[PDB]
Every structure is written in C-alpha cells, then in structure tokens.
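Comments concern the structure below.
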Amino acid sequence: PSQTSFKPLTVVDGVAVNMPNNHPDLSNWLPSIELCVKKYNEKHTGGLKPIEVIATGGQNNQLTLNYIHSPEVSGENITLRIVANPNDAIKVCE
C-alpha cells in the first residue's frame, strides 16, 4: 500500500472502487463498472476479491479499470442513490 491521489466512488460486493481525481464524474460508468466488477467478485469471494478498484475513463469512450489489492486509510462523505441502468450490446468493458 502507498499514498495515491484517488478517492472512493462506490463499492460492489465489498470492493471499494476509487477513481482518479484528475477526471470528470463517472455517473454513467457507475452502473457499467459496478456490473463489470461484480463478475470478478463473483469468481473471487471473501478475501479472494480485490481490496480496491481504480476505475478510470472520463470521456472519449474511455474505459479502463485496475485491480489493486492494498488496504489503506481512507473515507467517504455520503451517498443516496443513482437509479440508472443503461443497456448496451457491445460492452467494451466485459
């Protein structure tokens, strides 16, 4: 584990997904990633699953993820809900 300029966004199955501060909001990627990561978490349950997930890609159809396993001090603020679920045949992610 080491210091990094990344903040938490959402957790899926128990994996805190952080994003690069030097990037826009990932409201649309929220459901896209939360669903993608679910796959990896499915195969890897409990400790098996990754510690954190660095999700990137703001615009220009940018979609890049990173599996990081290193728990470190951190925290969030507050969240309510998003209520979204866009469909797509060609999912570059998965």
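Numbers given in the entry's author numbering equal positions in the sequence shown, counted from 1, plus 200.
Quick reminder that beta carbons are idealized off the backbone N, C-alpha and C, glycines included.
Rounded to whole angstroms, what's the CA-CA distance from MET219 to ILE290? Just pull it up for me. 23 Å
Rounded to whole angstroms, what is the Cα-Cα separation between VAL237 and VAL212? 7 Å
Give the DSSP-derived three-state secondary structure of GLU234 in the structure shown. helix
Tell me where the beta strand (DSSP E) around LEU209 begins and ends. 206–211
Thinking just about the alpha-carbon of each residue, which of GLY214, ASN221, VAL215, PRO201 is nearest to the one in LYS207? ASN221
Hey, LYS249 and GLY275: beta-carbon distance below 8 Å or not? no
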